[PDB]
Ligand SMILES: Nc1ncnc2c1ncn2[C@@H]1O[C@H](COP(=O)(O)OP(=O)(O)O)[C@@H](O)[C@H]1O
């Protein structure tokens, strides 16, 4: 039909702080977009 | 490399010795390339800034095609010199130290037996 | 920043490399390195986000200890030769220290851990300065002392960097860190030819600067620190999709574009000097760098990733333009190859 | 036309004249340099 | 003479220190300084027994630059125990 | 506007006066805030910004004629009401576009405030948008993640902008508003489940009002105080603009804020963050078409000043 | 599910433009994009090209060599020389090793 | 030309092509009549064997 | 040779500057004439190679190709006017320009004196091709196919880069003319045995050898028709042209360093030919047909006997034209059918009478029917291979029987049998589709009349 443009799922992989997620590395989560961590009330 | 040469001009662009070399013909393909390289820069700019690609900044297009080209003549004028120094330097050494670069004399084929590997 | 402070800092960040380059008394070369360290730290924490303080505190400790090691080399030389500057006679260990130290400030090879992390927590802008106007200084010191440094170590740091940079890059998805990793790699090629033909180091740098400076001002035009973020480039600003494609393939060595020349002449010079062992392995994993470059190509250009409705809103508004430098540095970079002979 | 009228409503007459005028100074210096250059080259060497 | 090898090893013992953190940023910033003292002492020592008075400026330039260097270092340290309530390095692991 | 201008005068410090504040008036779906706003504006000459709309951005940009729905993000408040908990999620897309619209409105307001010096009345603001989403999640309108995506956009963009100086507020119990709805009859607006109106006010009462109380001046008005712009206006002129983050805004600090609002493409930079929740996603094939079509509208195919269709000239020298 | 377009059908361009030649939808571009393609394609490449290629003369000398052989065979046979002597580079020219 | 100037673009390329082509010939002019196989004395009224 | 090239470059300005409606005819009409200027190179009254200038040369081996490279650009632009007619008027002008640059680059690569000029231009052709395959590729897997096409060629390419810089130091210039008239005889060391592999491997990769040919089936499957034509007709033959000009040096080693490849190719010829026998995707079958008929070529550019070489030159030009013809008609079925499956669409002759005649002639070219250059080619490679070892006929004899079977099966299950009941009704044939074919076969008929022109350097 129409050249397959990437769907959401193809896009999903590129999210995450590491492309090829490791055993423990995957446990990590992507960095905050604002570059400012929610951190804590401290 | 070529730095440390006798007479080196410590910070000069093209020493006057480069006067002796022929000037780059303004239409040298290279300078003409730089021109096209430039026109494209101009056109590209218009595009990235979302302007009519060719019909806009006709003043800029000129600044570009004429800045790049200006740069060329004076650069090529130098790079040309640098290369010319390289020969002056290279050829001279071949002589000053002649024994190391001896003019060998090859033998004619009639004498040289070259191996024949039969394809068969 | 009180514009006055901005001036003092920026002047120092700029007087820093310039003193290094101009002076011959090594000491004065060390303080040039010291001023660069002091000037960069304020800018690094401009947002003052929690990530930033981490960045600067790492950058500073890594930079400071290396600075102290470089000074120790100068102090030791002073005793082995009264001169304040490296000479033919210099003890080999004295020079090797300077290589390791300077390879830490430049962040090459087994000391490549700080750069990717500081490149991740600093803004895109200060990222460029931290990557390209802070490499000029240390490299100057090395290029000056090339006749004396060891061919073995440099090569090892060179090859290592190429590998680390490549391998690191493959996994990364954050752009800032993809660039940090590329810089490690290119920095590697540069230091490979230093012992043999310094003049080529200065080409493999300029081209890297003329390639990276457009690439980053591209990343920030849309301020995308994610590939997913750069992938929606097609909606935010469609024209830069064409040149972003060529510049990234240019950063890797593919033949029609300007990026091949640095790798080609470095390989020609190394084969001229007989390192056909080393050069071969470098070129091969250099090919790994293009894989992650093209994976980004895929997401940003060759394939159109899905975007968000709120993007239509950003299209409406006039897009603040990219400075002229982008163009002049995109073209001179993507296609100058037909003019290579003069460049070298 | 434009509610928020374009900042670039019309050319920056200055930006034209320093862009046009600058380029015409470039050429007149460049072409001058070449013929001047040729001469010196010619005479510097025998001819 | 040997005096120099003690100072040099002092700098290496201080080197081993800065390169092996022990959960205290302040202590490190303090080790770092131990080097500058060792460098200052060695530079002054050789300049003094070479009677090279033209170089004494350096022993001090080394200290002046090192002091500010440390000033910057401590301001980063204060910035850290303002964001994390401690100077402990482990906290500095967000950039992973 | 840039450091150059700021360096040479052009300081927001020299352009501020007592009447110069950011005042928002927030109420339920029908609090008569529209009226109070205009008046307060008329009182201090404050530029009265209208509530943010689907096509508020289009009126903002270029010609200003209203855009086609799909060009403006395909959001219907009309469909919001007639089809709550819709399969396509028009309600969330409506809310996300609304947040982007007020982000543009608030930023345009701040740009007028720091440049002209005149104050601004913005009715509802990014600060008072969450009540609609809170009520929508309290209802079946939006699901939990949808909420998280809005909160993430809010946390990323709202902190940068300075808070409303004061937040004039009206209150009229749910019965009142429903009745007020009946007076201006509109099939869609009419069918708004009360509990949803209950959830909107509840948020202001509980969340928005005290939240801002600590941050900005809070003036709550009963309907009766309302419809009496004079009295409310009087009270505003009465409150003391002291408590709040605005106190630290030195000229050299305002400059950077100005340069932000001066750049709309950044104001909403984080509004387009690549978080792929299904309602928000354009989709590449549909998005490409909508783009080729929005970008081909006259005067839009090229930057302002360069598209000849609408009558721009001098393009060959610009 | 995300918003995206419904599959676009492919038009029967032969329903309108019943004279469709396959190049473009509007008819005149169609006609003028075959009147120039059959012409520049067949009429002056397959014809003028084959004419010129056919008339390339003695391509790679193989029209010259069937005569030079004939005079050489004429000359060698009548003078009694071997028609294709068995060594080409004369043995005298060669300086063999020892 | 009502926007048919485009046509000349390609033809023109051929002309400049042949011109630049001649230029190369002019450059590679050594051995004009020194090619052993074709070394001949210029016939009357001919200053170039091949131009 | 700057008329075959400069006028070509100018095509790019014409694709961009020209009207959106008239862009297609200006480009196709002009490159047809660009092919006519290309025909002038064929005028070689003498043996001496025509060295146009320092960097640009054309000898018997390159000339038959430069003309084919110029010829297909018109055709490529005519086969992609349908798909790519649904684009935005700036995606087209990009595709047209991409196709234009391929032959500009390919014309130069085939017409290049310096071997590294070949390398730079050689590996550049990947940029235009990868864009054509990845950007416009219909299937979800073209991102993958593009990766395979870039890495297999690239990993082979960097060894050649090191090798050619290596010979330049060893001999002192990479000029094909000199390298030929100079004494470069490798010395059968262990290292040289590596040099030889370095130079040949990059060429052997894009000329699919049995070991590394997986890139070509994957690439042509999702590639658009214009990309598949370019890969089969000109792109794969870049590898063959390289092997002919590079083995002038490395003269002694290939006598004994070729056995590995020769056996890989001849056994490969049988297995690649056979899997064509049961492959459901038609484009898949043509691609493996291309691998097998190209496996014959690497087995003639390695035996290195005069006849092999021109057998190779005959087959490469001939198979190039035939393969495209097959890939072009496969596309016409794909666009109406909307599926690559061979089993669907049975009986077409009943509904598309002529396309079937083109299908029949293309298949007869595919198998070796005798008054065709395709057969002359195989007959010659077959002869030399027999000379190398009389046993070779067995393996080059199982391939001929298999090649007949799959070539006719494509005709028997696609263009005969009962008509498919009611697939989307199959609209009649456009005149473009038929010409695009006629333009492929009319030259195949004309070349078969005078085979001398495409015979190679050897004869
Ligand atoms: N987040 C939201 N979701 C749905 N509708 C909204 C939202 N924010 C504002 N609106 C719309 O704004 C309108 C305000 O009512 P209206 O009588 O037009 O003005 P006022 O609120 O001043 O009385 C409501 O009808 C409501 O549908």
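Chains as they are written, first to last, in the entry's author numbering: chain D, 34 to 75; chain d, 1 to 120; chain N, 1 to 344; chain c, 29 to 75; chain K, 2 to 97; chain O, 38 to 355; chain g, 52 to 149; chain f, 7 to 57; chain M, 1 to 459. By construction, the Cβ of each residue, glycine as well, lies at the ideal position given by its N, Cα and C atoms.
Proximity test, residue i beta-carbon vs ligand 1 heavy atom, cut-off 7 Å
i: residue 66(O); result: yes
i: residue 63(O); result: no
i: residue 235(O); result: no
i: residue 69(O); result: yes
i: residue 167(O); result: no
i: residue 132(O); result: yes
i: residue 226(O); result: yes
i: residue 141(O); result: no
i: residue 117(O); result: yes
i: residue 222(M); result: no
i: residue 135(O); result: yes
i: residue 88(O); result: yes
i: residue 159(O); result: no
i: residue 114(O); result: yes
Burial state of residue i, where buried means 16 or more other Cβ atoms lie within 10 Å
i: residue 52(K); result: exposed
i: residue 144(d); result: As shown, chain d starts at 1 and ends at 120. That puts residue 144(d) outside it, with no answer to give.
i: residue 216(O); result: exposed
i: residue 45(M); result: exposed
i: residue 358(M); result: buried
Below-8 Å beta-carbon distance, residue i vs any chain g residue
i: residue 111(d); result: yes
Endpoints, the beta strand (DSSP E) within which residue i is located
i: residue 178(N); result: Segment 175-192 is the alpha helix (DSSP H) holding residue 178(N); no beta strand (DSSP E) there.
i: residue 207(O); result: 206-208
Closer than 8 Å to chain D by CB, residue i
i: residue 95(K); result: yes
i: residue 163(O); result: no
i: residue 47(N); result: yes
i: residue 313(O); result: yes
First through last residue of the alpha helix (DSSP H) which encompasses residue i
i: residue 257(O); result: Not the alpha helix (DSSP H): residue 257(O) falls in the beta strand (DSSP E), residues 257-259.
i: residue 271(M); result: 259-277
i: residue 55(N); result: 50-80
i: residue 1(M); result: Segment: none, residue 1(M) is in no alpha helix (DSSP H) and carries neither H nor E.
Below-8 Å beta-carbon distance, residue i vs any chain N residue
i: residue 47(d); result: yes
i: residue 135(M); result: yes
i: residue 74(K); result: yes
Below-8 Å beta-carbon distance, residue i vs any chain M residue
i: residue 65(d); result: no
Any C-beta of chain O under 8 Å from that of residue i
i: residue 125(N); result: no
Q: Would you list, in chain order, the members of the region 317-335 of chain O that have their beta-carbon closer than 9 Å to a beta-carbon of chain g?
A: 317, 318, 319, 320, 321, 322, 323, 324, 326
Q | Residues from the region 52-63 of chain g in contact with chain O, defined by Cβ distance under 8 Å | A | 52, 53, 54, 55, 56
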